[PDB]
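>
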Amino acid sequence: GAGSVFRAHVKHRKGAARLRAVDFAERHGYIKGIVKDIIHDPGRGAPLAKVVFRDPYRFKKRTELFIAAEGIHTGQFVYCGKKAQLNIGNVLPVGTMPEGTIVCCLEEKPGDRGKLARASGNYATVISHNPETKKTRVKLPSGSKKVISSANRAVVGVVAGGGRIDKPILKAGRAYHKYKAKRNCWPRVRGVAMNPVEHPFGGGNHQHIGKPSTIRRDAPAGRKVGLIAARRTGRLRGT
Amino acid sequence: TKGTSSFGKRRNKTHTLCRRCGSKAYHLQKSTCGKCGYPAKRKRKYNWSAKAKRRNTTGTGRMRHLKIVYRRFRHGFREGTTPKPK
RNA sequence: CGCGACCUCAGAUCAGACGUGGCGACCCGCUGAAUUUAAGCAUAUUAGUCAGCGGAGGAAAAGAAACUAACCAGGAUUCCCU
RNA sequence: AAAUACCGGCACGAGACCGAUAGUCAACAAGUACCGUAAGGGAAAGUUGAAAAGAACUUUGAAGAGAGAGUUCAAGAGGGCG
RNA sequence: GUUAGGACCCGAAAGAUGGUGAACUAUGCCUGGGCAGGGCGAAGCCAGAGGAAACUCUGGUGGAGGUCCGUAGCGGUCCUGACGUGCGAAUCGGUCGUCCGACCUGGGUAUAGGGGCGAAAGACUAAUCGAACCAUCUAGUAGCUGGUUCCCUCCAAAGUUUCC
RNA sequence: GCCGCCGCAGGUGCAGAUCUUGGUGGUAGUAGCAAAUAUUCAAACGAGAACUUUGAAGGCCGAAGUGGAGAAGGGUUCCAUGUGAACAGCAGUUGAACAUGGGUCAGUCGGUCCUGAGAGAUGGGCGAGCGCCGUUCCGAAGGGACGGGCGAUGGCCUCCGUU
RNA sequence: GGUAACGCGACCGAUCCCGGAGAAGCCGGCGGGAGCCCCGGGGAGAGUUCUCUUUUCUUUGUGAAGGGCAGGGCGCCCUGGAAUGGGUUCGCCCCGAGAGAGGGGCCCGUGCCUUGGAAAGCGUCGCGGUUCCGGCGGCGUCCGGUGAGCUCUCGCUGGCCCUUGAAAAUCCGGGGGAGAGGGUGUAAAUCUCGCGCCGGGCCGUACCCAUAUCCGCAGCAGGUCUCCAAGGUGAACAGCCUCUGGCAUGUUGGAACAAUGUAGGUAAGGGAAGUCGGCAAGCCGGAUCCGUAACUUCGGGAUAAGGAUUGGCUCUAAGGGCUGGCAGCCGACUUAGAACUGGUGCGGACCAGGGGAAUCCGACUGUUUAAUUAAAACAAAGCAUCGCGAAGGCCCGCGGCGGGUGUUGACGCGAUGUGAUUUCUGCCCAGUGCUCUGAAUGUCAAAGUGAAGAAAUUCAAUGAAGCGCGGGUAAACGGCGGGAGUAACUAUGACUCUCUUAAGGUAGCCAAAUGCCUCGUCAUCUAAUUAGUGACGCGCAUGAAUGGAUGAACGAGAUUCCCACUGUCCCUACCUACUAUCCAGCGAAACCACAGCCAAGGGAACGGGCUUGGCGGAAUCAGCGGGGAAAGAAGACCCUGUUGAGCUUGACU
RNA sequence: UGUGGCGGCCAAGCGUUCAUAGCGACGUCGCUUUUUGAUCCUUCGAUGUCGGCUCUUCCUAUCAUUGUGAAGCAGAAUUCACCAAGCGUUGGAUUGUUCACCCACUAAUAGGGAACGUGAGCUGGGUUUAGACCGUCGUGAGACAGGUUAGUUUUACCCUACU
RNA sequence: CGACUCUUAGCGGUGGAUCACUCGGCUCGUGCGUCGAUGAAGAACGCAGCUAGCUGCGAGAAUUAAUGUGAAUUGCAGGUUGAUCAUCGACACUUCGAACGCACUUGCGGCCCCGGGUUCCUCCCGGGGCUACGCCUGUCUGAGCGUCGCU
Ligand SMILES: [Mg+2]
């Protein structure tokens, strides 16, 4: 597959939740907005919420989409800035907060308005800070510690909607509508049952593999199917 | 079931008559003329299509300007003169 | 702030001139595959091959030397014969 | 500019070429009628009488269809009629 | 008498070049429609009885499912029935699986050929799919089959030596 | 309109090729005019009525109809008069058969206005090339307008469309 | 105007900002209002009237546009503060953040009648025009309560989603006060109130919507997108008979009733004993009442298995609204009981379950090769790991910071292996692939450096990636032996030894969709069983996520046995219809060297034709299939050609 | 006629005794195609090929029955042999089965051919198109006299022969 | 006898075989060898007294004004001082279409000038001229703490 079939179907999902534009009011000041209402957005598992601000130069009722945190209510004043206090639901730079702070919607670089760790029940943990040359080590939920230049800003708290994948799938009738809403790649067919003229692992009379599933990283398209550069396999023993 | 029961569902025509060339070659979905070419300025022609050259020739149509071009060329291109009266 | 120009770049129902495309037997510049031959076949041959794109003319191409040449020398280009 | 190429078109002439299943597929209201959703494919088809003088008049029969007359050198040429 | 050119004639199993098709089938998106009559009582809840407590039973309410018999509707297991030069280049009878949910689908649009689609059968792609239709190269190749037209007279054969 | 004779030239000699086109036979008056219950009498225009007309009787489809109306699609197939060349597998006076004519009337009915899936001009860039990517993407992107001043016009420039 | 919801008749006001309709999923239940039906009486038309019958059927009102009155919803503001807890639904929920008791008030009103409106229309009877005439005159165009009857609309409330159920044009609603208006009246501006005047361009409007107008070469049993839907029987939009509407049997008519065909039934007696094959065919069938095992994921089994009943006529008892402990008036259906009685008759025609116990596979609903296989195939609920932090994971591309994933961030994007519940997933890096690491490094292109030569040429160190080197990788492929002695009668084996690689098949299952020998040995069902179930593995060649054990309910899955019944059979026989046959009209196709009386001989080793022997004596009709090596298709089997295609690899480039 | 089967010759000898009732060691002479082999004459412009169901005639290498010989035939009974094919030679469990086994009975339950008798006469159970399962081998597309399971059967009306 | 199977002489039907006729095809050469926004090629639609197709033409529509010459056409209606035809140098030359205001549902815009309406006071109707792309030398208009002149 290349496209136009396996893509995710996005019709009722309108827009994306972006972080507020940086200025002097986020550099060396703070400003207050209100929480209008929260709603479960289609497509995304985590719900969104309307946060109404105002422009300091203009007079249009602005609004901003943020990820809804766990344990928050509507009709609440949210402060944002460098000089803001420490509470749940507050975006602030990393150089002001101390170490060991559970944050989400983190930026890998200052300017992209929030990319890292903002899915359903995910948060990156700041390990330690560095005052000289503005460095910060942040452990990602995978386990790797990334170095961030401490110019970005991030909200406080975990994302609402945690523990969604703990319960197994009840029935294929629910699964068909869920994957029909998400993306049309649910009838997963085995490559042995597939034809050998298109899929490489097909062919033969009996149902057998007969070839090593490990594959080199340097491989062209069509061949690159399977465990991609598998160091080990089987049951994970220990860590 | 691939035959007579399949001919019954076929009711919505796709090809229709074009306005430039005037042939049954206008697809409604692609909005492109199959014979000559409706969006493009040029007319679709090929050398392997030997019978398509002799279908639509210049001798088939009017040649209402071409025949008076030859009729003025056989005189020698006089420009708005008058014959001698009585 | 105010006053006059040189350069870069701007929009037309500004006056007036152009190109668009049908067709094209001949021609100019480019891309230019295999059926086949090699009793098989890959080097070679078919083969600057069909086909495709752009362009004007009654012709186009074309033209006066950083030439043939070791002869006792000739001296723009073109077609035919050996 | 000069001698070089022309299978399409504008005006003709000529032929040890063919003669209505032949010759251009098409000698006639031929790429026309017709078929395919489409790029496309693609037919059958001449010979009245020199001259229509194309049959008036009687009868059978609802009319169709016959039997006698007339024309002309001959109907031995009777409306799809060398 | 022989060779090369179409070279006594016709004939495939295939290759390349260029256009055209998702009106049948297959996957989506948008906007809409439809789907009788009955069984089972899953949850919320009331009163009574027993018990020191914890709590346990009895009698009603009530409507839940990838629910069932089953209509409309979707396809046709078996009888290899009728027909089998058919009404029909794939129809009909007995006969079923399913029928509030992985249900069928009316219109517009996206996906086209060493490519697309595909709950995966080289399955389907306009009566054609182990690589769609039409035209050109193409009169492609054929140590191979099929045929190849007047008379009279004279002469008069071999199924082998060697090689690839 | 044609034949012989002297030289020359050929698209010059047929029995086949599951040869090509066209024509005609045995077959053969054979097989056949059987998916879904049902018709029977009186008169009639007409030469002519198992099939057409009216009058009577007996039934079927049983509201999920053998009913009335729509969309796609068909394009005069709707009606009147006359006709008897061909069709309705016999049949026909009849019929969607042939020829002459009529027949569709909107301020209030739908399209027309807009967007959805999607397509697409164009800044820009690429491409020898017909052309390609993209729908904001590197752009000199509002040709619109409330009010104030100044010269001028139409109606005593008064007030408005004015410029 | 009022404390107020809000109303009346116009009752200003820019830029800009905000909000609403637009504009929103499905299902269950309840209530109200209409339409179509049901009934009693009264009217206008007809049929029955040998007999009775206050009998049978057709029919009985009102649009758009303005207003009032019913009737609903009220999450709308006040007087007041409730637990000994109250109002209240079919169900529930609410309540000192304000229940019940009381007053007002807006929203929809399609139900009532008023203007429209009886003038029109529907009938009955008569008067003309012989006719042309929205002709003419009298009468009716009713009186009422109901109903889980069918349909439509509105309102209330709850449940379902790991799925949240669309955008655009349009309008007014709200703050907002820079401006336009004026000096006491005939004021100015302002008018969304009632009016008055003129127009609203263009395109199409006929017919069918189907066994004769759409497509299928056609009057083609096929496909075929939607609306409207009477009475009884009955739970039913199921089946049957009748109302409105339509119809004259679908490419033909008459005659008799042969065989053999097609569709149905009836069949004395046995009842799968015929046949691979209860295949086909047949029996049971609904409702009420009693009652129900093994195993179990306790939900299913289950309608388990099983039994009794199924008429007519005529009675009794039980359950409600209105008015003034209490009496009267209106009453719509269900259930229970009893006697008489019908030729044991009753779900009298239609509808209309086959079960019980075993084996194997797959959980199952679902997709499926248009047109031979619907299944053990696929989708599959669960589990296991691989890569990746936007300077990248994957795919596409000829190209432009190319596009998709991405409107996306490890609970994410792709890729696999297996795949309901419950236990395990062992050992082994021998080999092939995957990953990590480096100058301690055999090997090592191009280019650069240095040296010799008059120069093209020659030599030397350096020599990138990768190979080799060291480790892990068996939810990667895969693999997991053979020979001898031996324990107190013997048979047989514990145990011990040797060869050898990576340890040499761990535990389970099993002559299996898996054992050649083999119909392997034992109990079983039967007169008999190459059949099935239960056993031991010793297994040509079983084996533990290429999977194994187990598995409640189910599969248009594959087999075994018993009840149930049947012309499957014993063993054939009979009836109807459609057929076939003859007559009127019309009227093919296939095949064709030529024709079809035989036996023996030979042949290209099986002839109708040649030879020798038998024979053959007009012409047609209904059957039959023995032959015409009956028609079909240059065999769908095999081989060859120096003939072509697809898959696949470490063949070659 | 390599294989199966049958009939004669000499008669080591068994048969208590005794070659020839019943037979037979050693060789040995002929036969056939309901079988397995070899051969390659015609058929690759095709003769629809496995078994099971119904169907008829023909042959004798005779199982019984009719009529006679021959014993180690007291009687029944056993067979050895002739004339001799006129008339007879079942049912069921399993296997797809040809073949083979068992039970009950009778008179025998003897053996065969007809282009491997036999589809415009039936049946597809297994082979014998592709779909899947398990086991082995091949690194790999695939192969397994090793299995499992479901898998489209057209037409006589022409001539002869029969009635 | 009749009827049926075969052969021969004469005649009738289907067929158009042989021969003949050809305003028709095939080849070669000669001189010339040109379209168009001043709207080309192509397609659709209308135009005749009775007019289906071809041909001819474009609302001036089977064709005009004019020249040489001189009494037509036919199945029928009608008239030398120019009917028939040949010539054409002048004009007309519809809609789509390189098609040029946008789409291509023929629906929607914008500017200017005239006639009803009026008595410019504006709505409605009719007619005409206009309205695409990139580019060139003359005019137009404003951008640039790049330059610097002057206050
Ligand atoms: Mg038996």
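Listed in order, the protein sequences are those of chains A and j. When we follow the authors' numbering, the leftmost residue of the first sequence carries the number 11, and every step to the right adds one. When we follow the authors' numbering, the leftmost residue of the second sequence carries the number 2, and every step to the right adds one. Using N, Cα and C, we set each Cβ at its ideal position, and we do this for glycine too.
1) How many angstroms separate the CA atom of A/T146 from the CA atom of A/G91?
2) Cα separation between A/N132 and A/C114?
3) When burial is assigned at 16 or more other CB atoms within 10 Å of the CB, is j/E80 buried or exposed?
4) When the Cα of A/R174 is compared with those of A/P222, A/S130 and A/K60, which residue comes out closest?
5) Taking buried to mean at least 16 other C-beta atoms within 10 Å of its own C-beta, is A/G124 buried or exposed?
6) With DSSP run on the structure shown, which of helix, strand or coil describes A/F63?
7) For A/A56, count the other beta carbons within 10 Å of its own beta carbon; 16 or more makes it buried, fewer makes it exposed. Which is it?
8) Taking the alpha carbon of A/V235 as the reference point, which residue from A/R241, A/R245 and A/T224 has its own alpha carbon closest?
9) To test your reading of the DSSP string, which unbroken alpha helix (DSSP H) runs of 4 or more residues are found completely within the stretch 174 to 214 of chain A?
10) Could you give the first and the last residue of the continuous beta strand (DSSP E) run that contains j/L18?
11) Does the Cβ of A/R128 have 16 or more other Cβ atoms within 10 Å, making it buried, or fewer, making it exposed?
12) Determine the burial state of A/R30: buried for a count of at least 16 other Cβ atoms within 10 Å of its Cβ, exposed for fewer.
13) Hey, would you say A/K60 sits closer than 9 Å to A/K46, going by beta carbons?
14) Less than 8 Å between the CB atoms is what I'm expecting for A/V202 and A/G99, so what's the real figure, rounded?
15) Nearest-angstrom Cα distance between A/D65 and A/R37?
16) Distance check for A/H19 and j/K10, CA to CA, integer angstroms please.
17) Pop quiz: j/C19 and j/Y39 are said to be a contact at Cβ under 8 Å. What is the actual Cβ separation, rounded to whole angstroms?
18) Where j/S50 and A/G25 are concerned, what is the direct C-alpha to C-alpha distance, given to the nearest angstrom?
19) If we ignore side chains and look at the alpha-carbon of each, how far apart do A/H218 and A/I179 end up?
20) Bridge partners of A/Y40, per DSSP?
Checking against the coordinates, here is how it stands:
1) 19 Å
2) 7 Å
3) exposed
4) A/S130
5) buried
6) coil
7) buried
8) A/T224
9) 182 to 192
10) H16 to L18
11) buried
12) buried
13) yes
14) Contact flag wrong, Cβ pair sits at about 51 Å.
15) 16 Å
16) 30 Å
17) 7 Å
18) 52 Å
19) 30 Å
20) A/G91
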